[PDB]
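A.B. asks: Sending over work.txt (compact mmCIF, N, CA and C atoms and all ligand atoms).
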# COMPACT_ATOMS: atom_id res chain seq x y z
N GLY A 1 -21.26 -22.51 7.63
CA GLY A 1 -20.70 -21.32 7.01
C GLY A 1 -19.46 -20.82 7.73
N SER A 2 -19.12 -19.55 7.50
CA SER A 2 -17.95 -18.96 8.13
C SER A 2 -18.36 -18.06 9.30
N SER A 3 -17.39 -17.74 10.15
CA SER A 3 -17.65 -16.89 11.31
C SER A 3 -16.53 -15.87 11.49
N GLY A 4 -16.91 -14.66 11.90
CA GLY A 4 -15.94 -13.60 12.11
C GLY A 4 -16.55 -12.22 12.03
N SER A 5 -16.05 -11.40 11.12
CA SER A 5 -16.55 -10.04 10.95
C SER A 5 -16.97 -9.45 12.29
N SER A 6 -16.17 -9.70 13.32
CA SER A 6 -16.46 -9.19 14.66
C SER A 6 -15.68 -7.91 14.94
N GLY A 7 -16.41 -6.85 15.28
CA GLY A 7 -15.77 -5.58 15.57
C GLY A 7 -15.69 -4.68 14.35
N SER A 8 -16.83 -4.13 13.94
CA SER A 8 -16.89 -3.25 12.78
C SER A 8 -15.87 -2.12 12.90
N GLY A 9 -15.35 -1.67 11.76
CA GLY A 9 -14.37 -0.60 11.77
C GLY A 9 -13.07 -1.00 11.09
N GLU A 10 -12.92 -0.60 9.83
CA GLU A 10 -11.71 -0.92 9.08
C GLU A 10 -11.21 0.30 8.32
N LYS A 11 -9.90 0.53 8.38
CA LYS A 11 -9.29 1.66 7.70
C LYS A 11 -9.93 1.88 6.33
N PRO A 12 -10.05 3.16 5.94
CA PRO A 12 -10.65 3.54 4.65
C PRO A 12 -9.76 3.16 3.47
N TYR A 13 -8.45 3.22 3.68
CA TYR A 13 -7.49 2.89 2.63
C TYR A 13 -6.86 1.52 2.89
N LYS A 14 -6.86 0.67 1.86
CA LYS A 14 -6.29 -0.66 1.97
C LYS A 14 -5.52 -1.03 0.71
N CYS A 15 -4.33 -1.59 0.89
CA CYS A 15 -3.49 -1.99 -0.24
C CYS A 15 -4.03 -3.26 -0.90
N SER A 16 -4.39 -3.15 -2.17
CA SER A 16 -4.92 -4.28 -2.91
C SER A 16 -3.82 -4.97 -3.72
N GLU A 17 -2.67 -5.17 -3.08
CA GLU A 17 -1.54 -5.81 -3.74
C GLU A 17 -0.96 -6.92 -2.86
N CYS A 18 -0.82 -6.63 -1.57
CA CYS A 18 -0.28 -7.60 -0.63
C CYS A 18 -1.28 -7.90 0.48
N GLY A 19 -1.90 -6.85 1.01
CA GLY A 19 -2.87 -7.01 2.07
C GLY A 19 -2.60 -6.11 3.26
N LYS A 20 -2.08 -4.92 2.99
CA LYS A 20 -1.77 -3.96 4.04
C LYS A 20 -2.88 -2.92 4.18
N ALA A 21 -2.87 -2.19 5.29
CA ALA A 21 -3.87 -1.16 5.54
C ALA A 21 -3.29 -0.02 6.37
N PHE A 22 -3.73 1.20 6.08
CA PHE A 22 -3.25 2.37 6.80
C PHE A 22 -4.39 3.36 7.03
N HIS A 23 -4.21 4.24 8.02
CA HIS A 23 -5.22 5.24 8.34
C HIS A 23 -5.01 6.51 7.52
N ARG A 24 -3.75 6.85 7.29
CA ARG A 24 -3.41 8.05 6.52
C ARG A 24 -3.01 7.68 5.09
N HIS A 25 -3.89 7.98 4.14
CA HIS A 25 -3.63 7.68 2.74
C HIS A 25 -2.16 7.91 2.40
N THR A 26 -1.61 9.01 2.90
CA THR A 26 -0.21 9.34 2.65
C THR A 26 0.68 8.11 2.78
N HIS A 27 0.70 7.53 3.97
CA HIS A 27 1.51 6.34 4.23
C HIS A 27 1.28 5.28 3.16
N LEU A 28 0.02 4.89 2.99
CA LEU A 28 -0.33 3.88 1.99
C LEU A 28 0.40 4.13 0.68
N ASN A 29 0.27 5.34 0.15
CA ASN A 29 0.92 5.71 -1.10
C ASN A 29 2.42 5.46 -1.02
N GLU A 30 3.04 5.93 0.05
CA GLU A 30 4.48 5.76 0.24
C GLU A 30 4.86 4.29 0.17
N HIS A 31 3.95 3.42 0.60
CA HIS A 31 4.19 1.98 0.59
C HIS A 31 4.16 1.44 -0.84
N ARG A 32 3.05 1.68 -1.54
CA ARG A 32 2.90 1.21 -2.91
C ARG A 32 4.20 1.38 -3.69
N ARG A 33 4.97 2.40 -3.33
CA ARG A 33 6.24 2.67 -4.00
C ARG A 33 7.02 1.37 -4.23
N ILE A 34 7.02 0.50 -3.23
CA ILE A 34 7.72 -0.77 -3.33
C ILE A 34 6.99 -1.74 -4.25
N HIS A 35 5.67 -1.58 -4.34
CA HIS A 35 4.85 -2.44 -5.19
C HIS A 35 5.08 -2.11 -6.66
N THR A 36 5.37 -0.85 -6.95
CA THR A 36 5.61 -0.40 -8.32
C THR A 36 7.05 -0.68 -8.74
N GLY A 37 7.60 -1.79 -8.26
CA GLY A 37 8.96 -2.15 -8.60
C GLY A 37 9.87 -0.94 -8.72
N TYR A 38 10.47 -0.53 -7.61
CA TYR A 38 11.36 0.62 -7.60
C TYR A 38 12.80 0.20 -7.88
N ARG A 39 13.19 0.26 -9.15
CA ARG A 39 14.54 -0.12 -9.55
C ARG A 39 15.32 1.10 -10.04
N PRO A 40 16.63 1.12 -9.74
CA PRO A 40 17.51 2.22 -10.14
C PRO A 40 17.75 2.26 -11.64
N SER A 41 18.12 1.11 -12.21
CA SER A 41 18.38 1.01 -13.64
C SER A 41 17.08 0.97 -14.43
N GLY A 42 17.00 1.80 -15.46
CA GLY A 42 15.80 1.84 -16.28
C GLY A 42 15.96 1.07 -17.58
N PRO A 43 15.04 1.31 -18.53
CA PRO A 43 15.07 0.64 -19.83
C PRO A 43 16.23 1.10 -20.70
N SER A 44 16.80 2.25 -20.35
CA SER A 44 17.92 2.80 -21.11
C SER A 44 19.07 3.18 -20.17
N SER A 45 20.22 3.49 -20.76
CA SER A 45 21.40 3.86 -19.98
C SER A 45 21.86 5.27 -20.34
N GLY A 46 21.83 6.16 -19.35
CA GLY A 46 22.25 7.53 -19.58
C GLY A 46 22.68 8.23 -18.30
ZN ZN B 101 1.10 -3.59 -0.27
Here is a file; write its structure as structure tokens.
Ligand SMILES: [Zn+2]

C.D. replies:
Amino acid sequence: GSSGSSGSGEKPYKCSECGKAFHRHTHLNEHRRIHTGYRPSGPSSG
């Protein structure tokens, strides 16, 4: 089988997009920003 899971204790918030983790939800959210494709130009021009 596999071996590991040594040292219990993992941040409560974890990014389920790339594989990042943070202690303060705040930070995590600020990160996702990049995951939500942050582009200047939108579907329309105005
Ligand atoms: Zn991420």

A.B. asks: Do you know which residues are within 6.5 Å of ligand ZN 101 (chain B) using all atoms listed in the file? Can you write them as a VMD selection string?

C.D. replies: chain A and resid 15 to 20 31 to 32 35

A.B. asks: Would you compute the distance between atom C of residue 28 of chain A and atom C of residue 13 of chain A? Give it in Å to one decimal.

C.D. replies: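 Atom-to-atom, atom C of residue 28 of chain A and atom C of residue 13 of chain A are spaced 8.0 Å apart.
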
A.B. asks: For the strand (DSSP E) assignment from backbone DSSP, which residues of chain A qualify? Please present them as a list in words.

C.D. replies: residues 13, 14, 21 and 22 of chain A

A.B. asks: Based on the selection just made, write N, CA and C atoms of those residues as a tab-separated table (two decimals), in the coordinates of the input.

C.D. replies:
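This went into selection_10.tsv:
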chain	number	residue	atom	x	y	z
A	13	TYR	N	-8.45	3.22	3.68
A	13	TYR	CA	-7.49	2.89	2.63
A	13	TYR	C	-6.86	1.52	2.89
A	14	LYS	N	-6.86	0.67	1.86
A	14	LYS	CA	-6.29	-0.66	1.97
A	14	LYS	C	-5.52	-1.03	0.71
A	21	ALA	N	-2.87	-2.19	5.29
A	21	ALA	CA	-3.87	-1.16	5.54
A	21	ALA	C	-3.29	-0.02	6.37
A	22	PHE	N	-3.73	1.20	6.08
A	22	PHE	CA	-3.25	2.37	6.80
A	22	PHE	C	-4.39	3.36	7.03

A.B. asks: Quick one: distance from atom N of residue 14 of chain A to atom N of residue 33 of chain A in Å, one decimal?

C.D. replies: 13.0 Å

A.B. asks: By how many Å are atom CA of residue 29 of chain A and atom CA of residue 12 of chain A apart?

C.D. replies: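 Separation of atom CA of residue 29 of chain A and atom CA of residue 12 of chain A: 13.1 Å.
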
A.B. asks: Pick out the closest residue to residue 24 of chain A from this set: A:1, A:36, A:11, A:42. Count only N, CA and C atoms.

C.D. replies: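 Closest candidate: A:11.
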
A.B. asks: Please rebuild segment 10-23 of chain A with N, CA, C and O atoms and give the result as a PDB file, in the coordinates of the input.

C.D. replies:
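New file result23.pdb:
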ATOM      1  N   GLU A  10     -12.920  -0.600   9.830  1.00  0.00           N
ATOM      2  CA  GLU A  10     -11.710  -0.920   9.080  1.00  0.00           C
ATOM      3  C   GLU A  10     -11.210   0.300   8.320  1.00  0.00           C
ATOM      4  O   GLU A  10     -11.981   1.018   7.686  1.00  0.00           O
ATOM      5  N   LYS A  11      -9.900   0.530   8.380  1.00  0.00           N
ATOM      6  CA  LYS A  11      -9.290   1.660   7.700  1.00  0.00           C
ATOM      7  C   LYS A  11      -9.930   1.880   6.330  1.00  0.00           C
ATOM      8  O   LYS A  11     -10.300   0.941   5.631  1.00  0.00           O
ATOM      9  N   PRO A  12     -10.050   3.160   5.940  1.00  0.00           N
ATOM     10  CA  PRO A  12     -10.650   3.540   4.650  1.00  0.00           C
ATOM     11  C   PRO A  12      -9.760   3.160   3.470  1.00  0.00           C
ATOM     12  O   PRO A  12     -10.250   2.824   2.393  1.00  0.00           O
ATOM     13  N   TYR A  13      -8.450   3.220   3.680  1.00  0.00           N
ATOM     14  CA  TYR A  13      -7.490   2.890   2.630  1.00  0.00           C
ATOM     15  C   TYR A  13      -6.860   1.520   2.890  1.00  0.00           C
ATOM     16  O   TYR A  13      -6.375   1.240   3.983  1.00  0.00           O
ATOM     17  N   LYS A  14      -6.860   0.670   1.860  1.00  0.00           N
ATOM     18  CA  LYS A  14      -6.290  -0.660   1.970  1.00  0.00           C
ATOM     19  C   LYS A  14      -5.520  -1.030   0.710  1.00  0.00           C
ATOM     20  O   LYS A  14      -5.987  -0.799  -0.408  1.00  0.00           O
ATOM     21  N   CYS A  15      -4.330  -1.590   0.890  1.00  0.00           N
ATOM     22  CA  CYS A  15      -3.490  -1.990  -0.240  1.00  0.00           C
ATOM     23  C   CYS A  15      -4.030  -3.260  -0.900  1.00  0.00           C
ATOM     24  O   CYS A  15      -4.116  -4.310  -0.262  1.00  0.00           O
ATOM     25  N   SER A  16      -4.390  -3.150  -2.170  1.00  0.00           N
ATOM     26  CA  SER A  16      -4.920  -4.280  -2.910  1.00  0.00           C
ATOM     27  C   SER A  16      -3.820  -4.970  -3.720  1.00  0.00           C
ATOM     28  O   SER A  16      -4.012  -5.316  -4.884  1.00  0.00           O
ATOM     29  N   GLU A  17      -2.670  -5.170  -3.080  1.00  0.00           N
ATOM     30  CA  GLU A  17      -1.540  -5.810  -3.740  1.00  0.00           C
ATOM     31  C   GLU A  17      -0.960  -6.920  -2.860  1.00  0.00           C
ATOM     32  O   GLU A  17      -0.650  -8.012  -3.343  1.00  0.00           O
ATOM     33  N   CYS A  18      -0.820  -6.630  -1.570  1.00  0.00           N
ATOM     34  CA  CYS A  18      -0.280  -7.600  -0.630  1.00  0.00           C
ATOM     35  C   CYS A  18      -1.280  -7.900   0.480  1.00  0.00           C
ATOM     36  O   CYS A  18      -1.491  -9.052   0.851  1.00  0.00           O
ATOM     37  N   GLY A  19      -1.900  -6.850   1.010  1.00  0.00           N
ATOM     38  CA  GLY A  19      -2.870  -7.010   2.070  1.00  0.00           C
ATOM     39  C   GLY A  19      -2.600  -6.110   3.260  1.00  0.00           C
ATOM     40  O   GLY A  19      -2.841  -6.493   4.406  1.00  0.00           O
ATOM     41  N   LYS A  20      -2.080  -4.920   2.990  1.00  0.00           N
ATOM     42  CA  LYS A  20      -1.770  -3.960   4.040  1.00  0.00           C
ATOM     43  C   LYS A  20      -2.880  -2.920   4.180  1.00  0.00           C
ATOM     44  O   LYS A  20      -3.728  -2.789   3.302  1.00  0.00           O
ATOM     45  N   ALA A  21      -2.870  -2.190   5.290  1.00  0.00           N
ATOM     46  CA  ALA A  21      -3.870  -1.160   5.540  1.00  0.00           C
ATOM     47  C   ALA A  21      -3.290  -0.020   6.370  1.00  0.00           C
ATOM     48  O   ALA A  21      -2.460  -0.244   7.256  1.00  0.00           O
ATOM     49  N   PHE A  22      -3.730   1.200   6.080  1.00  0.00           N
ATOM     50  CA  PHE A  22      -3.250   2.370   6.800  1.00  0.00           C
ATOM     51  C   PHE A  22      -4.390   3.360   7.030  1.00  0.00           C
ATOM     52  O   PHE A  22      -5.405   3.337   6.338  1.00  0.00           O
ATOM     53  N   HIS A  23      -4.210   4.240   8.020  1.00  0.00           N
ATOM     54  CA  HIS A  23      -5.220   5.240   8.340  1.00  0.00           C
ATOM     55  C   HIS A  23      -5.010   6.510   7.520  1.00  0.00           C
ATOM     56  O   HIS A  23      -5.970   7.163   7.115  1.00  0.00           O
TER      57      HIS A  23
END
